[PDB]
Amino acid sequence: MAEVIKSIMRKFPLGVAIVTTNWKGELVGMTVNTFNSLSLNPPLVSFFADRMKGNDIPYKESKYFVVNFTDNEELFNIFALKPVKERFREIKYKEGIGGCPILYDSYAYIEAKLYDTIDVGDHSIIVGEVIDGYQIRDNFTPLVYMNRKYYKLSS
């Protein structure tokens, strides 16, 4: 059934984001296709973190996280494929709340306070309360991920 999930999801298009945190001083982040809005009152956003890779642990052990929205495919590939220790060497960034890294190439970002974590199956649902949101750049081309590719929207 893991294979039927992957086969169906390969053709299910999803927006991508790069979630980051400052994990006891270590700058970390990852490309996710599970980011979404969860609640309006209270204002909550979420993503799913793979427990099998320990992707949950930095967020569980940090008070805040940042959601970076970017149109730079290179950044998504860095934050999916490159070794953790290498990712923040290659990109421009600044620190936000809790020291969480904000990527300079982001056209928007959210700063969130960790609100809850919920283990379900082999992932943890990471839930953040939106503390602030910023729209930096008005002109951008949002990307959607499907079948290992990053597409623009038609028209």
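Note that residue numbering follows the sequence shown and begins at 1.
Visitor: Which is higher on mean Cα B factor in this entry, 85 to 93 or 29 to 37?
Guide: Per the PDB record, 85 to 93.
Visitor: Going by the average Cα B-factor in the PDB entry, point out whether 140 to 148 or 12 to 20 comes out higher.
Guide: Taking the mean C-alpha B-factor of 140 to 148 and of 12 to 20, the larger value falls to 140 to 148.
Visitor: From 65, 104, 109, 47, pick the one with the largest CA B-factor in the entry?
Guide: Spelled out: the listed residue with the top C-alpha B-factor is 104.
Visitor: So where's residue 52 on the chain's Cα temperature factor ranking, which third?
Guide: Its C-alpha B-factor belongs to the highest third of this chain's values.
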